[PDB]
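**Q** Handing you a structure now.
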There are 4 protein chains.
Amino acid sequence: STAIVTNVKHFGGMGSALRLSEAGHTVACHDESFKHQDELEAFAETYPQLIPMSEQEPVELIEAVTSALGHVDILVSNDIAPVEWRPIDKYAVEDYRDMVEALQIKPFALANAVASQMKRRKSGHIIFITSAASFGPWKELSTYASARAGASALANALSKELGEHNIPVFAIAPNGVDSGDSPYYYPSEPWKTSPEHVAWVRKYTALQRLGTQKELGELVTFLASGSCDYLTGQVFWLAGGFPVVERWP
Amino acid sequence: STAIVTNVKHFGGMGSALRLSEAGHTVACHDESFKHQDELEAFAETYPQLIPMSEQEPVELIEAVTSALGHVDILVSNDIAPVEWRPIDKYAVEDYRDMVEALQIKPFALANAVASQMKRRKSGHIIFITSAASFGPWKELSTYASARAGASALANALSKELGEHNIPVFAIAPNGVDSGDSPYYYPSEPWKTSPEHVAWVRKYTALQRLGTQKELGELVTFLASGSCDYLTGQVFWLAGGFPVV
Amino acid sequence: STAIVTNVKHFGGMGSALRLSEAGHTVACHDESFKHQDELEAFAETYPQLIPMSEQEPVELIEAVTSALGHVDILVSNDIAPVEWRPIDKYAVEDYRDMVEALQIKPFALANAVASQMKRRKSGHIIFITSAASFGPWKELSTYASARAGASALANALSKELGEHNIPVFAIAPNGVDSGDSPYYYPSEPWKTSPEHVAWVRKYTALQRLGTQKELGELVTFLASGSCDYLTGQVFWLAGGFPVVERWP
Amino acid sequence: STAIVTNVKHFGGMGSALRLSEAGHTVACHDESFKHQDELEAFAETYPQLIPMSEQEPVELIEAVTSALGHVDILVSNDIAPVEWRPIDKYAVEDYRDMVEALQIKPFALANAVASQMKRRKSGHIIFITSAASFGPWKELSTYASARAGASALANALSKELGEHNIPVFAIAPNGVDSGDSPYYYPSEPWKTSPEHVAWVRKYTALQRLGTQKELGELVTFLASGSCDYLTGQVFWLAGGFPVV
Ligand SMILES: CCOC(=O)C[C@H](O)CC#N
Ligand SMILES: CCOC(=O)C[C@H](O)CC#N
Ligand SMILES: [Cl-]
Ligand SMILES: [Cl-]
């Protein structure tokens with residue numbers, strides 16, 4: 001079993017890669033910083049179980065992995081963009097097109113690049129990492145919440161055509177997952193150290209804590225194992241019960 | 001009260017434009033065919049209570065309506081694109097982009113173009129016509145279902161920020177709505193006439209029939225009326241109960 | 001067209017009755033207080049357009065209305081119970097059975113009592129008034145949120161069998177609808193006068209205000225008019241955008 | 001780690017009990033047939049790693065497990081009732097009550113009976129097995145679909161208060177899961193053997209097959225493991241993609 005995890009330094013990247021690899025997948029990793037050989041080889045050295053790739057674009061990346069490693073069994077599309085908290089009327093149309101490019105077009109392109117090989121052998125798994133923002137409580141996140149919805153609905157829709165070929169498709173919609181040094185989307189500073197951030201979390205999530213990288217990695221790996229292919233199409237709300245609101249004053 | 005309905009000859013266009021008009025709104029209309037003065041004039045003669053514009057892109061359409069009728073109270077973004085049933089590996093990436101542009105970037109642009117003047121007047125209603133295909137039963141409809149889902153979520157997201165400025169936002173997600181001569185998406189031929197289509201509609205929908213332009217128009221007109229602003233954010237599933245098994 | 005509205009003094013009762021009647025329905029009204037003729041006739045006097053009934057139980061009530069007025073076209077099941085904000089382990093099983101009796105069994109019994117006459121003439125509308133609590137943000141409302149869900153799912157399920165008979169079925173799930181002198185569920189004191197209650201509302205709803213009885217009545221009446229039978233099965237979230245949560249600290 | 005699985009011979013019972021056991025939980029089992037020492041003993045011989053109880057009602061079942069194995073870490077409320085396809089006007093009101101009691105009051109009672117000891121230990125997992133029939137495509141299933149929806153919402157509601165005490169709550173809503181000899185709800189005869197059933201499953205579900213007890217059991221065991229507590233509140237749609245059109 002060979003896996004691709006994208007943007008491996010951010011968001012759900014490391015949880016996914018590290019846990020897939022503990023389980024025994026062979027894990028090829030994409031990141032933007034891997035443009036640079038200095039960065040690539042420092043990651044390889046830091047994590048000798050993982051296989052970093054330099055390729056950046058979807059068709060590029062799939063083919064390199066296929067040639068180097070024989071075929072792609074598991075695709076984890078771990079998509080990122082910075083959130084821009086503007087009122088609607090202060091965006092340009094181009095800003096949404098960029099957001100949609102990074103969050104919705106991307107996972108479609110990776111799924112387009114890899115499907116035919118997966119269909120041909122009647123096996124594969126496909127996992128999009130999206131966001132609990134999809135139909136959520138926030139305001140002034142309109143470009144971000146909607147693009148994430150497009151992505152979650154894509155996974156569900158793909159699940160229905162790819163069933164005949166024995167290929168499960170899933171979407172994982174997180175909130176409040178600790179991201180360590182990564183700014184996407186809950187870095188340990190400030191979320192783990194600033195007393196207000198710590199309090200906001202305790203207020204508004206049912207479990208009263210951040211979720212861990214391990215919990216997200218454990219999920220990606222459960223879905224990829226083939227123990228429960230029958231859940232195909234599921235959007236998973238990986239949000240620790242967020243939001244909760246307290247009883248009336 | 002001034003309204004804009006886009007792509008007026010297709011999908012929920014006529015339903016929406018005609019009902020708004022009966023209700024006393026001044027309804028400006030957009031459509032691709034109004035590029036051609038020829039077609040525009042034919043429309044205006046047939047529909048003296050509607051006012052068809054030639055303008056095609058969102059900002060010029062909004063500016064032109066604003067300048068000739070003096071402020072948009074109501075936007076109905078009636079969005080359409082040719083659905084092509086294909087398996088995921090047979091599409092060009094560029095085909096998804098085109099489909100997202102017509103079904104998803106376009107309602108954003110129209111909202112983006114009208115939002116600041118509605119906030120200033122603290123008054124307005126915004127309606128996206130999307131689709132019941134979002135998270136639906138279909139296969140090989142992946143581009144369409146997902147683009148339409150993006151558009152529905154956009155309506156919900158905007159309702160949340162625009163509430164504060166007294167501006168309700170809605171999506172209407174149809175299936176099986178009669179589109180007359182238009183092929184977007186259930187044209188009278190064949191859906192009303194071919195025995196085998198009539199029976200498919202009768203089997204997989206609860207009311208056992210197609211929805212009408214009057215039903216669609218009546219919903220748009222109620223939403224826009226100011227009578228039930230407190231539904232803001234809602235996705236209405238206009239599908240007569242589809243599917244049934 | 002003849003309508004029944006239940007518990008007419010509470011919740012969505014008056015909005016429903018008054019607006020149905022403005023539209024030209026003949027409106028028969030049920031309330032618990034109508035047990036007492038003193039209360040009945042004061043309501044009749046106060047509102048001469050409306051027809052109060054004394055009957056309390058579903059079979060009882062339907063038959064009286066049918067005999068007095070010829071047939072029932074529109075059923076508005078406007079169901080109430082006091083919410084009890086306990087932790088789960090502090091309920092008795094009986095407390096949930098009571099809640100389920102008042103919120104879920106009741107609307108089923110009224111729909112059971114009236115269906116056959118509606119099926120026979122191939123016309124009718126059925127409206128349950130439930131609650132946005134159904135899958136909501138609250139805690140320690142567990143008996144209340146779930147019973148309301150049972151009721152909303154009932155409406156949807158009934159819509160699918162009653163389509164062949166041209167009978168639309170809907171569920172209206174409110175939050176924060178001003179209820180005047182009624183304690184179910186947002187009385188004007190304190191919600192309209194106490195500065196904290198007013199503030200909580202501004203914090204957490206998108207429109208930053210209570211919803212009105214008129215807005216709810218306008219909806220029941222729109223659905224009953226037959227202008228848009230094609231929405232059958234809809235659960236309407238009549239909650240003014242609740243909940244919203246502010247940007248990160 | 002101690003678990004309880006109810007109605008163990010039906011629906012998701014064996015899936016759940018057997019997988020939990022393989023994972024090192026001590027699994028107590030309940031079932032109507034364990035009224036009769038006869039049947040209980042036959043079960044215990046066949047399944048030496050499972051421990052069947054005779055107790056029938058929620059509080060005695062919980063007390064008896066607590067006293068013989070010393071604290072319930074895991075509740076799996078595997079709920080069942082005979083579905084009778086009838087139109088709304090043909091049911092007795094009392095038939096809805098019975099259906100609500102078995103599918104909805106029962107998981108409440110079991111949760112109600114175990115919650116305080118889990119809060120004290122700040123440790124526990126609670127899983128309801130419900131149904132994909134909630135807001136589904138079926139007609140004349142009104143009592144069943146609604147009772148199951150009540151049960152699913154109960155899981156979500158409890159997750160919200162029990163979070164604070166470190167106790168995750170879940171529902172699993174199945175369709176088309178092989179139930180072996182059990183008639184709740186897809187027995188091997190006929191669903192595995194009759195040509196016409198095999199083809200219906202093949203047509204209306206995306207994976208074109210029935211789910212297995214191993215798949216169900218693997219989900220329960222993952223949820224209960226402590227590995228992904230942050231999903232708490234989730235309704236898992238275990239339906240292989242049903243329906244498709
Ligand atoms: C705008 C706040 O961010 C989120 O909603 C969640 C984020 O997208 C994913 C995580 N963790
Ligand atoms: C427990 C708080 O009450 C609600 O959720 C809304 C209420 O049930 C209906 C209204 N208005
Ligand atoms: Cl349509
Ligand atoms: Cl099942």
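By convention here, the chains of the structure tokens are called A, B, ... in the order presented, each chain's residues are numbered starting at 1, and ligands are numbered starting at 1 in the order presented.
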Might you pull out every residue within 10 Å of residue 119 (chain A), with only C-alpha atoms counted and same-chain residues fewer than 2 positions away left off, and present them as a PDB file with N, CA and C atoms, in the first residue's frame?

**A**
ATOM      1  N   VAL A 114      -5.682  10.333 -10.448  1.00  0.00           N
ATOM      2  CA  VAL A 114      -5.323   9.068  -9.811  1.00  0.00           C
ATOM      3  C   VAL A 114      -6.406   8.019  -9.970  1.00  0.00           C
ATOM      4  N   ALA A 115      -7.565   8.463 -10.433  1.00  0.00           N
ATOM      5  CA  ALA A 115      -8.748   7.629 -10.440  1.00  0.00           C
ATOM      6  C   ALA A 115      -8.606   6.436 -11.392  1.00  0.00           C
ATOM      7  N   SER A 116      -8.120   6.687 -12.602  1.00  0.00           N
ATOM      8  CA  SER A 116      -8.158   5.646 -13.636  1.00  0.00           C
ATOM      9  C   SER A 116      -7.327   4.433 -13.234  1.00  0.00           C
ATOM     10  N   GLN A 117      -6.148   4.669 -12.674  1.00  0.00           N
ATOM     11  CA  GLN A 117      -5.366   3.563 -12.117  1.00  0.00           C
ATOM     12  C   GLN A 117      -6.079   2.828 -10.962  1.00  0.00           C
ATOM     13  N   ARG A 121      -7.616  -1.375 -11.133  1.00  0.00           N
ATOM     14  CA  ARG A 121      -7.396  -2.506 -10.217  1.00  0.00           C
ATOM     15  C   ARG A 121      -8.517  -2.713  -9.182  1.00  0.00           C
ATOM     16  N   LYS A 122      -9.582  -1.920  -9.297  1.00  0.00           N
ATOM     17  CA  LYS A 122     -10.735  -2.091  -8.421  1.00  0.00           C
ATOM     18  C   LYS A 122     -10.293  -2.002  -6.957  1.00  0.00           C
ATOM     19  N   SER A 123      -9.454  -1.021  -6.654  1.00  0.00           N
ATOM     20  CA  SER A 123      -9.104  -0.736  -5.272  1.00  0.00           C
ATOM     21  C   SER A 123      -8.391   0.609  -5.122  1.00  0.00           C
ATOM     22  N   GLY A 124      -8.545   1.214  -3.943  1.00  0.00           N
ATOM     23  CA  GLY A 124      -8.066   2.563  -3.647  1.00  0.00           C
ATOM     24  C   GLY A 124      -8.888   3.197  -2.530  1.00  0.00           C
ATOM     25  N   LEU A 162     -17.866   5.984  -7.473  1.00  0.00           N
ATOM     26  CA  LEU A 162     -16.685   5.148  -7.327  1.00  0.00           C
ATOM     27  C   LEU A 162     -16.929   3.861  -6.540  1.00  0.00           C
ATOM     28  N   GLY A 163     -18.140   3.705  -6.014  1.00  0.00           N
ATOM     29  CA  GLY A 163     -18.544   2.462  -5.360  1.00  0.00           C
ATOM     30  C   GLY A 163     -18.466   1.221  -6.252  1.00  0.00           C
ATOM     31  N   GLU A 164     -19.023   1.295  -7.468  1.00  0.00           N
ATOM     32  CA  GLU A 164     -18.875   0.202  -8.430  1.00  0.00           C
ATOM     33  C   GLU A 164     -17.429  -0.240  -8.603  1.00  0.00           C
ATOM     34  N   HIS A 165     -16.475   0.638  -8.342  1.00  0.00           N
ATOM     35  CA  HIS A 165     -15.088   0.234  -8.521  1.00  0.00           C
ATOM     36  C   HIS A 165     -14.403  -0.050  -7.194  1.00  0.00           C
ATOM     37  N   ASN A 166     -15.199  -0.205  -6.142  1.00  0.00           N
ATOM     38  CA  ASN A 166     -14.642  -0.584  -4.835  1.00  0.00           C
ATOM     39  C   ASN A 166     -13.663   0.478  -4.275  1.00  0.00           C
ATOM     40  N   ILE A 167     -13.952   1.748  -4.546  1.00  0.00           N
ATOM     41  CA  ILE A 167     -13.128   2.862  -4.043  1.00  0.00           C
ATOM     42  C   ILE A 167     -13.916   3.786  -3.089  1.00  0.00           C
TER      43      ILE A 167
ATOM     44  N   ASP B  89     -12.441  10.602 -14.139  1.00  0.00           N
ATOM     45  CA  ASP B  89     -11.176  10.552 -14.852  1.00  0.00           C
ATOM     46  C   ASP B  89     -11.277  10.997 -16.317  1.00  0.00           C
TER      47      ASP B  89
END

**Q** Throw together the list of residues within 8 Å of ligand 2, counting only C-alpha atoms and all ligand atoms, and drop it here as a ChimeraX atom specification.

**A** /A:247-248 /C:11,83,130-134,136,138,141,144-145,173-179,184-186,239

**Q** What's around residue 152 (chain D) at 8 Å? Count only C-alpha atoms, leave out sequence neighbours fewer than 2 positions away in its own chain, and write the answer as a PyMOL selection string.

**A** (chain C and resi 146) or (chain D and resi 128+130+148-150+154-156+171+173+235)

**Q** Distance CA of residue 171 (chain C)-CA of residue 238 (chain D), one decimal place?

**A**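 So the answer is 26.2 Å.
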
**Q** Please return, as a ChimeraX atom specification, all residues of region 38-152 of chain A that DSSP assigns to strand (DSSP E or B) on the basis of the backbone.

**A** /A:51-52,74-78,125-129,138

**Q** Check which residues of chain D sit at most 6 Å from ligand 4 using only C-alpha atoms and all ligand atoms, and return one row each with the closest pair of atoms and their distance in Å to one decimal, ordered by chain and rising number, as CSV.

**A**
residue,atom,partner,partner_atom_place_in_ligand_line,distance
D:174,CA,ligand 4,1 (Cl),4.6
D:175,CA,ligand 4,1 (Cl),3.6
D:176,CA,ligand 4,1 (Cl),4.4
D:177,CA,ligand 4,1 (Cl),4.4
D:185,CA,ligand 4,1 (Cl),5.3

**Q** If we count only C-alpha atoms and set the cut-off at 12 Å, which residues sit around residue 91 (chain B), ignoring sequence neighbours fewer than 2 positions away in its own chain? Please answer as JSON, numbers by chain.

**A** {"A": [108, 109, 111, 112, 113, 115, 116], "B": [84, 85, 86, 87, 88, 89, 93, 94, 95, 96, 97, 98, 99, 140, 141, 142, 143]}

**Q** For those residues, write C-alpha atoms to a file as a tab-separated table (two decimals), in the first residue's frame.

**A**
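Written file, part.tsv:
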chain	number	residue	atom	x	y	z
A	108	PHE	CA	-10.55	17.48	-7.75
A	109	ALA	CA	-7.29	17.60	-9.76
A	111	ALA	CA	-8.65	12.78	-7.65
A	112	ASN	CA	-8.79	13.22	-11.48
A	113	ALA	CA	-5.10	12.31	-11.79
A	115	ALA	CA	-8.75	7.63	-10.44
A	116	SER	CA	-8.16	5.65	-13.64
B	84	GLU	CA	-22.34	16.76	-18.81
B	85	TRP	CA	-22.56	13.27	-17.25
B	86	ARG	CA	-18.94	11.97	-17.12
B	87	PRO	CA	-16.80	9.80	-14.83
B	88	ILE	CA	-14.18	11.67	-12.82
B	89	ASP	CA	-11.18	10.55	-14.85
B	93	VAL	CA	-9.64	19.93	-14.74
B	94	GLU	CA	-10.53	22.99	-16.78
B	95	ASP	CA	-14.09	21.64	-17.11
B	96	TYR	CA	-14.58	21.76	-13.32
B	97	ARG	CA	-13.22	25.36	-13.35
B	98	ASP	CA	-15.77	26.38	-15.98
B	99	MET	CA	-18.57	24.71	-14.05
B	140	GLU	CA	-21.13	10.88	-12.49
B	141	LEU	CA	-22.57	14.34	-11.58
B	142	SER	CA	-19.58	15.24	-9.42
B	143	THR	CA	-18.68	18.66	-10.83

**Q** I want to know what sits within 12 Å of residue 145 (chain D), based on only C-alpha atoms, with residues of the same chain fewer than 5 positions away left out; could you give that as JSON, numbers by chain?

**A** {"C": [149, 150, 151, 152, 153, 154, 155, 156, 157, 158, 160], "D": [81, 83, 84, 85, 96, 99, 100, 103, 104, 130, 131, 132, 133, 134, 135, 136, 137, 138, 139, 140, 150, 151, 152, 173]}

**Q** Export N, CA and C atoms of the chosen residues as a tab-separated table (two decimals), in the first residue's frame?

**A**
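Result went into selection.tsv, see below:
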chain	number	residue	atom	x	y	z
C	149	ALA	N	-36.65	16.44	17.67
C	149	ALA	CA	-36.11	15.78	16.48
C	149	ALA	C	-37.05	14.67	15.96
C	150	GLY	N	-37.53	13.85	16.88
C	150	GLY	CA	-38.52	12.83	16.54
C	150	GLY	C	-39.71	13.42	15.81
C	151	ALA	N	-40.18	14.57	16.28
C	151	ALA	CA	-41.29	15.23	15.65
C	151	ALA	C	-40.97	15.77	14.24
C	152	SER	N	-39.83	16.45	14.08
C	152	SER	CA	-39.40	16.94	12.75
C	152	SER	C	-39.18	15.81	11.74
C	153	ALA	N	-38.57	14.71	12.18
C	153	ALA	CA	-38.39	13.52	11.33
C	153	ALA	C	-39.73	12.84	10.96
C	154	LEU	N	-40.69	12.89	11.88
C	154	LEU	CA	-42.06	12.42	11.62
C	154	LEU	C	-42.69	13.17	10.46
C	155	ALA	N	-42.68	14.49	10.54
C	155	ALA	CA	-43.21	15.32	9.45
C	155	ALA	C	-42.58	14.93	8.10
C	156	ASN	N	-41.26	14.78	8.09
C	156	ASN	CA	-40.58	14.49	6.85
C	156	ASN	C	-41.02	13.13	6.33
C	157	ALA	N	-41.04	12.16	7.23
C	157	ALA	CA	-41.45	10.82	6.85
C	157	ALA	C	-42.90	10.78	6.35
C	158	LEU	N	-43.80	11.47	7.03
C	158	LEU	CA	-45.20	11.52	6.60
C	158	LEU	C	-45.32	12.19	5.22
C	160	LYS	N	-43.58	11.82	2.74
C	160	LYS	CA	-43.26	10.90	1.63
C	160	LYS	C	-44.38	9.91	1.31
D	81	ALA	N	-36.70	-3.29	16.95
D	81	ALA	CA	-38.16	-3.46	17.10
D	81	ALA	C	-38.70	-3.90	15.75
D	83	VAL	N	-40.43	-3.72	12.56
D	83	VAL	CA	-41.01	-2.75	11.64
D	83	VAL	C	-42.24	-3.31	10.93
D	84	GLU	N	-43.37	-2.62	11.06
D	84	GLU	CA	-44.59	-2.97	10.33
D	84	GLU	C	-44.97	-1.86	9.34
D	85	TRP	N	-44.84	-2.13	8.05
D	85	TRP	CA	-45.19	-1.13	7.03
D	85	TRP	C	-46.70	-0.86	6.96
D	96	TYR	N	-47.26	3.47	17.89
D	96	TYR	CA	-46.18	4.44	17.95
D	96	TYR	C	-45.51	4.44	19.32
D	99	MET	N	-43.23	1.57	19.76
D	99	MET	CA	-42.10	1.65	18.85
D	99	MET	C	-41.07	2.66	19.39
D	100	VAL	N	-41.58	3.77	19.93
D	100	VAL	CA	-40.77	4.76	20.63
D	100	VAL	C	-40.12	4.21	21.90
D	103	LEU	N	-37.14	1.83	20.72
D	103	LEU	CA	-36.08	2.41	19.91
D	103	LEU	C	-35.52	3.71	20.49
D	104	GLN	N	-36.24	4.30	21.43
D	104	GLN	CA	-35.94	5.67	21.85
D	104	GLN	C	-35.87	5.83	23.38
D	130	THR	N	-28.61	3.06	15.67
D	130	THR	CA	-29.91	3.60	15.31
D	130	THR	C	-30.34	3.13	13.92
D	131	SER	N	-30.46	4.05	12.96
D	131	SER	CA	-30.80	3.65	11.61
D	131	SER	C	-30.65	4.77	10.59
D	132	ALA	N	-30.20	4.38	9.39
D	132	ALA	CA	-30.19	5.28	8.23
D	132	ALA	C	-31.59	5.63	7.72
D	133	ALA	N	-32.61	4.97	8.27
D	133	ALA	CA	-33.99	5.30	7.92
D	133	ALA	C	-34.45	6.71	8.32
D	134	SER	N	-33.85	7.29	9.35
D	134	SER	CA	-34.09	8.72	9.66
D	134	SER	C	-33.94	9.65	8.44
D	135	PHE	N	-34.93	10.50	8.22
D	135	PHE	CA	-34.95	11.35	7.02
D	135	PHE	C	-34.46	10.57	5.80
D	136	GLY	N	-35.04	9.39	5.57
D	136	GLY	CA	-34.69	8.58	4.40
D	136	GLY	C	-35.78	8.55	3.33
D	137	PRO	N	-35.58	7.72	2.29
D	137	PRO	CA	-36.39	7.68	1.07
D	137	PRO	C	-37.68	6.89	1.17
D	138	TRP	N	-37.92	6.25	2.32
D	138	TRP	CA	-39.02	5.28	2.43
D	138	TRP	C	-40.40	5.89	2.66
D	139	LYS	N	-41.45	5.23	2.17
D	139	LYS	CA	-42.82	5.53	2.62
D	139	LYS	C	-43.46	4.52	3.57
D	140	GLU	N	-44.54	4.93	4.23
D	140	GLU	CA	-45.20	4.10	5.26
D	140	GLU	C	-44.25	3.47	6.31
D	150	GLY	N	-35.17	10.34	16.71
D	150	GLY	CA	-35.14	10.75	18.11
D	150	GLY	C	-33.92	10.19	18.81
D	151	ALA	N	-33.61	8.92	18.54
D	151	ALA	CA	-32.47	8.29	19.17
D	151	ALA	C	-31.15	8.89	18.68
D	152	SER	N	-31.05	9.14	17.38
D	152	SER	CA	-29.83	9.79	16.87
D	152	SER	C	-29.57	11.19	17.46
D	173	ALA	N	-25.80	4.75	12.30
D	173	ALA	CA	-27.08	4.62	11.61
D	173	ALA	C	-26.87	3.79	10.34

**Q** If you count only C-alpha atoms, which residues fall within 7 Å of residue 137 (chain A), apart from same-chain ones fewer than 3 positions away, as a ChimeraX atom specification?

**A** /C:243-245

**Q** Do you have the CA of residue 57 (chain C)-CA of residue 94 (chain C) distance handy?

**A** 21.0 Å

**Q** Name all residues at most 8 Å from region 24-29 of chain D (count only C-alpha atoms; drop same-chain ones fewer than 6 positions away) and give them as a list in words.

**A**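 So the residues in contact are residues 1, 2, 3, 4, 5, 6, 7, 8, 17, 49, 50, 51, 52, 53 and 65 of chain D.
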
**Q** Selection from above, N, CA, C and O atoms, as a PDB file, in the first residue's frame, can you write it?

**A**
ATOM      1  N   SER D   1     -10.996  -2.953  31.010  1.00  0.00           N
ATOM      2  CA  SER D   1     -12.087  -2.227  30.291  1.00  0.00           C
ATOM      3  C   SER D   1     -13.315  -3.117  30.134  1.00  0.00           C
ATOM      4  O   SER D   1     -13.219  -4.205  29.591  1.00  0.00           O
ATOM      5  N   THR D   2     -14.462  -2.650  30.609  1.00  0.00           N
ATOM      6  CA  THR D   2     -15.669  -3.457  30.601  1.00  0.00           C
ATOM      7  C   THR D   2     -16.717  -2.852  29.662  1.00  0.00           C
ATOM      8  O   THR D   2     -17.043  -1.671  29.771  1.00  0.00           O
ATOM      9  N   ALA D   3     -17.339  -3.700  28.847  1.00  0.00           N
ATOM     10  CA  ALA D   3     -18.368  -3.269  27.918  1.00  0.00           C
ATOM     11  C   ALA D   3     -19.690  -3.993  28.135  1.00  0.00           C
ATOM     12  O   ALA D   3     -19.702  -5.170  28.521  1.00  0.00           O
ATOM     13  N   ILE D   4     -20.780  -3.333  27.725  1.00  0.00           N
ATOM     14  CA  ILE D   4     -22.098  -3.970  27.593  1.00  0.00           C
ATOM     15  C   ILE D   4     -22.668  -3.779  26.194  1.00  0.00           C
ATOM     16  O   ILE D   4     -22.722  -2.666  25.684  1.00  0.00           O
ATOM     17  N   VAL D   5     -23.053  -4.884  25.571  1.00  0.00           N
ATOM     18  CA  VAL D   5     -23.746  -4.871  24.284  1.00  0.00           C
ATOM     19  C   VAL D   5     -25.106  -5.519  24.485  1.00  0.00           C
ATOM     20  O   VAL D   5     -25.192  -6.612  25.082  1.00  0.00           O
ATOM     21  N   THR D   6     -26.163  -4.821  24.071  1.00  0.00           N
ATOM     22  CA  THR D   6     -27.536  -5.316  24.279  1.00  0.00           C
ATOM     23  C   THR D   6     -28.066  -6.043  23.039  1.00  0.00           C
ATOM     24  O   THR D   6     -27.491  -5.925  21.951  1.00  0.00           O
ATOM     25  N   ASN D   7     -29.144  -6.807  23.199  1.00  0.00           N
ATOM     26  CA  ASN D   7     -29.736  -7.579  22.089  1.00  0.00           C
ATOM     27  C   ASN D   7     -28.705  -8.273  21.189  1.00  0.00           C
ATOM     28  O   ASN D   7     -28.805  -8.230  19.968  1.00  0.00           O
ATOM     29  N   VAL D   8     -27.753  -8.967  21.801  1.00  0.00           N
ATOM     30  CA  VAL D   8     -26.491  -9.300  21.148  1.00  0.00           C
ATOM     31  C   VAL D   8     -26.607 -10.204  19.921  1.00  0.00           C
ATOM     32  O   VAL D   8     -25.662 -10.296  19.117  1.00  0.00           O
ATOM     33  N   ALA D  17     -19.935  -7.179  19.755  1.00  0.00           N
ATOM     34  CA  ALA D  17     -19.476  -7.907  20.952  1.00  0.00           C
ATOM     35  C   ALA D  17     -18.158  -8.620  20.674  1.00  0.00           C
ATOM     36  O   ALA D  17     -17.183  -8.482  21.418  1.00  0.00           O
ATOM     37  N   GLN D  49     -15.350 -16.322  25.432  1.00  0.00           N
ATOM     38  CA  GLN D  49     -14.782 -14.997  25.648  1.00  0.00           C
ATOM     39  C   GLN D  49     -15.851 -13.912  25.928  1.00  0.00           C
ATOM     40  O   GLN D  49     -15.515 -12.778  26.290  1.00  0.00           O
ATOM     41  N   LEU D  50     -17.126 -14.241  25.724  1.00  0.00           N
ATOM     42  CA  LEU D  50     -18.233 -13.321  26.023  1.00  0.00           C
ATOM     43  C   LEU D  50     -18.899 -13.756  27.315  1.00  0.00           C
ATOM     44  O   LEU D  50     -18.938 -14.952  27.618  1.00  0.00           O
ATOM     45  N   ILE D  51     -19.454 -12.805  28.060  1.00  0.00           N
ATOM     46  CA  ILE D  51     -20.164 -13.154  29.271  1.00  0.00           C
ATOM     47  C   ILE D  51     -21.639 -12.707  29.307  1.00  0.00           C
ATOM     48  O   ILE D  51     -21.950 -11.561  29.655  1.00  0.00           O
ATOM     49  N   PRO D  52     -22.550 -13.609  28.898  1.00  0.00           N
ATOM     50  CA  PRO D  52     -23.961 -13.298  28.787  1.00  0.00           C
ATOM     51  C   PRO D  52     -24.609 -13.175  30.158  1.00  0.00           C
ATOM     52  O   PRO D  52     -24.367 -14.006  31.030  1.00  0.00           O
ATOM     53  N   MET D  53     -25.429 -12.143  30.331  1.00  0.00           N
ATOM     54  CA  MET D  53     -26.172 -11.926  31.563  1.00  0.00           C
ATOM     55  C   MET D  53     -27.623 -12.320  31.385  1.00  0.00           C
ATOM     56  O   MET D  53     -28.143 -12.368  30.264  1.00  0.00           O
ATOM     57  N   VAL D  65     -23.680  -5.955  35.975  1.00  0.00           N
ATOM     58  CA  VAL D  65     -22.396  -5.899  35.327  1.00  0.00           C
ATOM     59  C   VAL D  65     -21.404  -5.177  36.238  1.00  0.00           C
ATOM     60  O   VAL D  65     -20.263  -5.609  36.401  1.00  0.00           O
TER      61      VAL D  65
END

**Q** Identify all chain D residues at most 9 Å from chain A by counting only C-alpha atoms; ligands do not count. Present them as a PyMOL selection string.

**A** chain D and resi 156+159-168+205-208+210-212+214-216+218-219+222+227-244

**Q** Just to confirm, what's the straight-line distance from atom 4 (C, counted along the ligand's line) of ligand 1 to CA of residue 142 (chain A) in Å (one decimal)?

**A**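 A separation of 11.9 Å between them.
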
**Q** Using only C-alpha atoms, pick whichever of B:35, B:204, B:187, B:217 has the shortest atom-to-atom distance to chain D.

**A**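 Closest candidate: B:204.
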
**Q** Would you mind writing down, as a ChimeraX atom specification, each residue of region 22-119 of chain D that DSSP on the backbone assigns to helix (DSSP H, G or I)?

**A** /D:22,32-35,37-46,58-69,88-90,93-119

**Q** When distances are computed from only C-alpha atoms and all ligand atoms, which of B:110, B:201, B:157, B:126 shows the smallest separation from ligand 1?

**A**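 Using only C-alpha atoms and all ligand atoms, ligand 1 sits closest to B:157.
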
**Q** For residue 72 (chain C), which of C:3, C:129, C:28, C:147 is the closest residue, counting only C-alpha atoms?

**A**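 Of all the options, C:3 lies closest to residue 72 (chain C).
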